[PDB]
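K.L.:
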Amino acid sequence: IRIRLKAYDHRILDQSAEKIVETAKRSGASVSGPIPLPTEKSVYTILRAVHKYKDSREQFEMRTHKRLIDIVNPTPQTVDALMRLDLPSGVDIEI
Amino acid sequence: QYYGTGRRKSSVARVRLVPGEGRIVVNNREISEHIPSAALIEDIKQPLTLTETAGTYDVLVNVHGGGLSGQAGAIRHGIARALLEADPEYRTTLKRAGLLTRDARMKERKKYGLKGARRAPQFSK
Amino acid sequence: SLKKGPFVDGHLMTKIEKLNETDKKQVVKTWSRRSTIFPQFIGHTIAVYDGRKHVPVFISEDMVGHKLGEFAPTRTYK
Amino acid sequence: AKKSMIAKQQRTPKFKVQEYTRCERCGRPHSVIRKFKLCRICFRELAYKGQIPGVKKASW
Amino acid sequence: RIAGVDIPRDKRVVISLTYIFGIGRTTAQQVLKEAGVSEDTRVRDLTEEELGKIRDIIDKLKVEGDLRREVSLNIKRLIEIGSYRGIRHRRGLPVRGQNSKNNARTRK
Amino acid sequence: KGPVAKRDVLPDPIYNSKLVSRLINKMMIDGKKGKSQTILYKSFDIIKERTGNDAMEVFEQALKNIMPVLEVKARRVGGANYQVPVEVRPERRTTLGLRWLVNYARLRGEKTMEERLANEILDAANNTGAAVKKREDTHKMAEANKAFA
Amino acid sequence: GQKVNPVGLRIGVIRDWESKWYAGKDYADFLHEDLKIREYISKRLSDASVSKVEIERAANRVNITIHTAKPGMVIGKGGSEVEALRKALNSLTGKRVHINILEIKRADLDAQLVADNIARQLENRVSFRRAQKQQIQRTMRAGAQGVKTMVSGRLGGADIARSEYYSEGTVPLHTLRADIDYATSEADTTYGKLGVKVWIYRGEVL
RNA sequence: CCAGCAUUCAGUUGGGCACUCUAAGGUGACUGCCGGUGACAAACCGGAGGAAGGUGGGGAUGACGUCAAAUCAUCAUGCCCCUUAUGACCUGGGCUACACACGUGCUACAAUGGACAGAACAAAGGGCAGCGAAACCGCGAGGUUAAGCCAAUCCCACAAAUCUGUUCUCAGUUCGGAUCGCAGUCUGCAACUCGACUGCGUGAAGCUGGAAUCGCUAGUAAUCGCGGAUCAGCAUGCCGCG
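Sequence lines, in order, name chains j, i, s, n, m, g and c.
Okay, so the first sequence: first residue is 6 according to PDB author numbering, each after it adds one.
Okay, so the second sequence: first residue is 5 according to PDB author numbering, each after it adds one.
Okay, so the third sequence: first residue is 4 according to PDB author numbering, each after it adds one.
Okay, so the fourth sequence: first residue is 2 according to PDB author numbering, each after it adds one.
Okay, so the fifth sequence: first residue is 3 according to PDB author numbering, each after it adds one.
Okay, so the sixth sequence: first residue is 4 according to PDB author numbering, each after it adds one.
Okay, so the seventh sequence: first residue is 2 according to PDB author numbering, each after it adds one.
#1: Within 8 angstroms (strictly less), CB to CB, does j/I74 reach chain n?
#2: Determine the DSSP secondary structure at i/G102, reduced to helix, strand or coil.
#3: Buried or exposed: i/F127, going by 16 or more other Cβ atoms within 10 Å of its Cβ?
#4: In this structure, how does DSSP classify s/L15 when only helix, strand and coil are distinguished?
#5: Could you spell out where the alpha helix (DSSP H) holding j/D85 opens and where it closes?
#6: For the candidate residues n/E25, n/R41, n/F37, whose alpha-carbon lies nearest to that of n/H31?
#7: Can you find the residues in the same chain that come closer than 6 angstroms, C-beta to C-beta, to c/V172, ignoring five residues on each side of it along the sequence?
#8: How long is the line joining the alpha carbons of i/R12 and i/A78, rounded to whole angstroms?
#9: Alpha carbon to alpha carbon, how far is i/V29 from g/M70?
#10: Just to confirm the assignment, what range does the beta strand (DSSP E) spanning n/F16 have?
#11: Taking Cβ-Cβ distances shorter than 8 angstroms, what residues in chain c pair up with j/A12?
#12: Using a Cβ cut-off of 8 angstroms, which residues of the region 62 to 90 of chain j contact any Cβ in chain i, in chain order?
#13: Rounded C-beta distance between s/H57 and s/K32? I'm assuming under 8 angstroms.
#14: Starting from s/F41 and walking both ways along the beta strand (DSSP E), at which residues does that stretch end?
#15: Hey, c/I76 and c/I65 are a contact pair by Cβ (cut 8 angstroms); roughly how many whole angstroms apart?
#16: Determine, for c/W200, whether the minimum Cβ-Cβ distance to residues of chain n falls below 8 angstroms.
#17: Indicate the three-state DSSP secondary structure (helix, strand or coil) for g/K143 in the structure shown.
#18: n/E25 CB to nearest chain c CB: under 8 angstroms?
#19: Quick one, which residues of the region 58 to 84 of chain m are near chain s if we go by CB-CB under 9 angstroms, in chain order?
#20: What does the Cβ neighbour count give for c/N118, buried or exposed, with the cut at 16 atoms within 10 Å?
#21: Output, in chain order, the set of chain c residues within a Cβ distance shorter than 8 angstroms of j/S47.
#22: Please go through the region 14 to 74 of chain i and give each complete beta strand (DSSP E) segment of 3 or more residues, from N-terminal end onward.
#23: Taking one C-beta from the region 52 to 63 of chain i and one from the region 19 to 33 of chain i each time, how about it: are there three or more such pairs within less than 8 angstroms?
#24: How about c/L36: is its C-beta nearer than 8 angstroms to some C-beta of chain n?
#25: Within the chosen definition, does the region 4 to 21 of chain n reach the region 4 to 22 of chain c through at least 3 CB pairs nearer than 8 angstroms?
#26: Would you kindly check if the distance between the Cβ of g/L43 and the Cβ of g/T97 is under 8 angstroms?
#27: Just reading off the beta strand (DSSP E) that j/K46 is part of, what are its end residues?
#28: Could you check where the alpha helix (DSSP H) with c/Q133 kicks off and where it finishes?
#29: Report the neighbours of j/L42 on chain n: residues whose CB is nearer than 9 angstroms to its CB, in chain order.
#30: What are the complete alpha helix (DSSP H) segments, minimum 4 residues, inside the region 57 to 127 of chain c?
#31: Listed from N- to C-terminal order along the chain, which residues in the region 25 to 54 of chain c have their beta-carbon within a distance smaller than 7 angstroms of any beta-carbon of chain n?
#32: Using the C-alpha atoms, what's the distance from m/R107 back to m/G26?
#33: Could you have a look at g/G37 and say whether DSSP puts it in helix, strand or coil?
#34: In chain order, which continuous runs of the alpha helix (DSSP H) of length 4 or greater are located wholly inside the region 107 to 131 of chain g?
#35: Give me the Cβ distance between j/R68 and j/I51, rounded to the nearest whole Å; I'm assuming they're in contact under 8 angstroms.
#36: At least one CB of chain j closer than 8 angstroms to the CB of n/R45: is that the case?
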């Protein structure tokens, strides 16, 4: 069982971290730790001026950090619990 | 049996000191097998030579990443910290000779508008 | 191109087969500088557009392997 | 030529090569980004109003 | 000499033969592949049975005048048929496709 | 502002010195240590051989015929072009000798700098040499301009 | 080249986003479908004085939180006005749109609507003298640790265009702990096009 | 990720949370503390501890205003002007012209080099009509089919300089690689003007450049490759990385 969270904000994700982990722990699913993973990030470089000034740039960087969730036991009571999870949509859970 | 880690110019070294005779093995390779230029061979040996630790400890090396002088440069910190674990007595002798710093001279990032991270391109009038 | 055959437009192949089937005839204003030259085109005179006019050119047994764009002087100089 | 240049990009051209990029907010070519389908100036002022969910300032 | 113009007697086997017009480096290697002469001997010091095998391979190729003709034939071909690339060979300007306001100093 | 010094690396594998590694930092074209080190250790093997001596005693004795005594600084008053006699620091004797070694070494002209540098040192050990007059002409610039201090 | 817009210099570090979802396969076409939303809701409800919009792509749901400082113009009966909103947007999106409205306490502290009221008074032909100083005293008596307002351009005069301060209190643009609301708003005048820059310091975080 | 534990062509099979690494939260450096200084103040000088010492290196951040500096061609735009045309559509041309100067960039003028072979070493980024392995075939650029990968799993990607041999011997040459011919490959409706890259040939100019000028305080100077935006296609360009 493999569950991957990947979001934009560390405050939302760490708040949403134990929402999966502790609730699945209630039915005893033998869930692994919230393992982090390297952040697929990207750099956009854009000229700051309208018209001139190629040598005066205005860089913008987009960070998508992600943390991993694995479950050992099936425990179909958790499958109903994982289905009914209600989160802010920035995290985009995928199983 | 003492253990250490080594980092210098973006490369990772793992140093562990089994009681041996001074043989240094680099991920099942040897020194001249992997690193030429015997200037750095006496330079990687520099923490071993000040304290009397000449022919008494064999070294397992895990060179990871980087380039050769940065790779061997990570070991000459990692040999020290592994050999710091043996006795903290001669740490004061080593620290006066440097060798504990983990040199913070990382390669600086290129600025936008500048060629080589401090170089202004050219100029006219 | 390499192996797709020498490129022709559909209008160029059309009227020259109408030209080759009966008799050599009047010139043809082509707008297809892009097209190649086939060995059936020998002796057929056609008008290639230059940018502002259709210049008439000749096709011989030597001007075979190239395209029509070799005969369009588009940038006059002195 | 603006609204026709918006329209011609939103038509179907004669060939698939003659598709090009246009940002649909301040429509002009010369750097509409592929990921955002947005323009070079229009990336910047839209970033500074809490929009474009990912991008912030850049410093590493 | 086989080309009618010499090779210097003290150079190696490949590179002395590259002075032959029409013959470059990799053309020399294909000949000596058929010759099998190890490519590093003094070309003052050969045998003619070894060098007779050097001759007939050169006899098989467009080497001395024939390669001087056919490109000059092509120059005389494409200029006298119009063929805009002919005019770029004609006037003293580049041919392969370049700008004109920049250097181009190989031809004026 | 104020004085700011810089760092340097001590050892040498062969000829276990300090100033030799400073010469290794000289002739480092474009960031090549070992490519210059390949030039260096092949040269001193000849220097040990071609003159049957230890190459260290050949080396600094050649330097003593290069290491100057007086620099010359300047002074512009109108267009007079005045000069100033300058005492050379014990810092600068180490530095400016290496410049007058290596610049004239690569400029002489032989097969390799294994051969250019080796015969240059003997031209400064036995001090009849082209780069030795570079020391001497500065004294000739110092002897004329001595009158100012 | 003058001062950088202090919202985007603070976005993510302290100030949260407005557009909030995750990118899968359509992250260009999420924005175009959402930029049409903000242009539509600012069109019909500029008279309703709607400040800011946050958008959630909620797995075939669209959650829009609305900050206005009054529902009474925006819900009307409560059932009446919001159904005309969701019927238009579900036609504009093609999928479901859920709408929730949040009322703004202390309406003279939000930069989108404070600057909007100046542009209303400028198009009602009021000069800047009575304009800015009335607006600041609304913000100072409401509670604000620093208010900076500036109207730049032709003053209704003929040619000589110029910027004009009136400000009081502390405006720390470079203390990175800010909580500073910043917004601009244009104004269509008889003698051209006035721009209004207004930003308010509210108090930093410890 | 692999130390210990065997199995392995191989972290592969097990097995493991040590170590590395990943990314969240603390912690730490403050002239805090020791000495000397001046006033005793701020602060300066030295020493200690310490991974790190005097705002640790760097970023982002650019006061009031200056130049009526730049943009009606990003957009918005008052005013003016146009309208079976200054608007819209298509083909094709041109933006790439070239007697000649100028900035701005690379490749070079060689022996610290050239050629061949062997050996070993990165960081960061990118991938769904997108990457394409392996495989076979082409001298090759590549073709062919195609595993695997919506990605720390798979692919781009075998890094180059380096090191060690071999050969080269100081000359316009085994340096140069333009210019140019022929033969090719890709993408695309289409490579003529007007693409890139190989394959063969050809092999000039130049042998450190006049007056004058330009950059740089330590991982910088120079040097060597690589990734990406941009794009069907195209980089000596610019970002970014070791």
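Quick reminder that beta carbons are idealized off the backbone N, C-alpha and C, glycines included.
P.N.:
From the atom records:
#1: The beta-carbon of j/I74 is placed no less than 8 angstroms from the nearest beta-carbon of chain n.
#2: coil
#3: exposed
#4: helix
#5: 81 to 88
#6: In terms of CA proximity to n/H31, n/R41 leads the group n/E25, n/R41, n/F37.
#7: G147, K149, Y202
#8: Rounded to the nearest angstrom, the gap between the Cα atoms of i/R12 and i/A78 is 4 angstroms.
#9: 45 angstroms
#10: Neither: n/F16 is in no beta strand (DSSP E) and is coded neither H nor E.
#11: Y23
#12: Cβ contacts with chain i come from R62, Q64.
#13: 5 angstroms
#14: No beta strand (DSSP E) contains s/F41, which DSSP labels as neither H nor E.
#15: Between c/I65 and c/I76 the Cβ distance is about 14 angstroms, and since that is not below 8 angstroms, they are no contact.
#16: no
#17: helix
#18: yes
#19: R79, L80, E82, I83, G84
#20: Under the 10 Å beta carbon count, c/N118 is surrounded by 16 or more other beta carbons and is classified as buried.
#21: Within chain c, no residue comes near j/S47; the closest Cβ sits about 10 angstroms away, beyond 8 angstroms.
#22: If one requires a minimum length of 3 residues, the beta strand (DSSP E) runs lying completely within the region 14 to 74 of chain i are 16 to 23, 28 to 30, 61 to 65, in chain order.
#23: yes
#24: yes
#25: no
#26: no
#27: 40 to 52
#28: 129 to 143
#29: Correct list: empty, because the minimum Cβ distance to chain n is about 17 angstroms.
#30: With a minimum length of 4 residues, the continuous alpha helix (DSSP H) runs that stay inside the region 57 to 127 of chain c are 81 to 94, 112 to 124.
#31: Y28, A29, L32, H33, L36
#32: Looking at the two C-alpha atoms, the distance is approximately 25 angstroms.
#33: Here g/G37 sits in helix by DSSP.
#34: 116 to 128
#35: Between j/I51 and j/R68 the Cβ distance is about 17 angstroms, and since that is not below 8 angstroms, they are no contact.
#36: So, interface residue.
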